[PDB]
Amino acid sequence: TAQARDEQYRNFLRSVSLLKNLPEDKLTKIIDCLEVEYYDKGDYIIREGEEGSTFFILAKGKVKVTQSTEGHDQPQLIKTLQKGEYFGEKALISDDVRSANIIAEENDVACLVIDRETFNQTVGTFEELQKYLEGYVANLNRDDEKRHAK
């Protein structure tokens, strides 16, 4: 049933520390509106420099983050992310183009995709969550500065 499917997504999303304290009604909005995208080894989920207005939660598999830096022809490997982590918030919070590539590291990667309106009405409205992601993005900014991102 729909209710059971919803309960399953609820359990997973509550396991994502970012969403652990979100009010039930906002979590429900995410559950109703999320979409799921699958990727295989090497597929670019996000490309650096592109417009983007969606937020991703990694529901299965691993992805790597690459980014163009000074003195390097090719994007450099910054980190990998795994199930339970997230990405894509920076373009929304900063009102910017995508600031790094996100690349599937293995087959059958699955991301929960949340569009801009849902993000703003859920994650952008719960003050505690917005303030947190802002600290997160500011930290990303400092990291970019350190490695001299192009």
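In this text, residue numbers run from 1 along the sequence as written.
Engineer: Quick check on the record: does 63-71 or 119-127 carry the larger mean Cα temperature factor?
Structural biologist: Taking the mean C-alpha B-factor of 119-127 and of 63-71, the larger value falls to 119-127.
Engineer: For the C-alpha atoms alone, is the average B factor greater in 86-94 or in 106-114, going by the entry?
Structural biologist: Taking the mean C-alpha B-factor of 106-114 and of 86-94, the larger value falls to 106-114.
Engineer: For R14, does the deposited CA B-factor place it in the lowest, middle or highest third of the chain?
Structural biologist: As the PDB entry reports it, the C-alpha B-factor of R14 lands in the middle third of its chain.
Engineer: Compared with the other modelled residues in the chain, in which third is the CA B-factor of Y44?
Structural biologist: Tercile = highest for this residue's CA B-factor.
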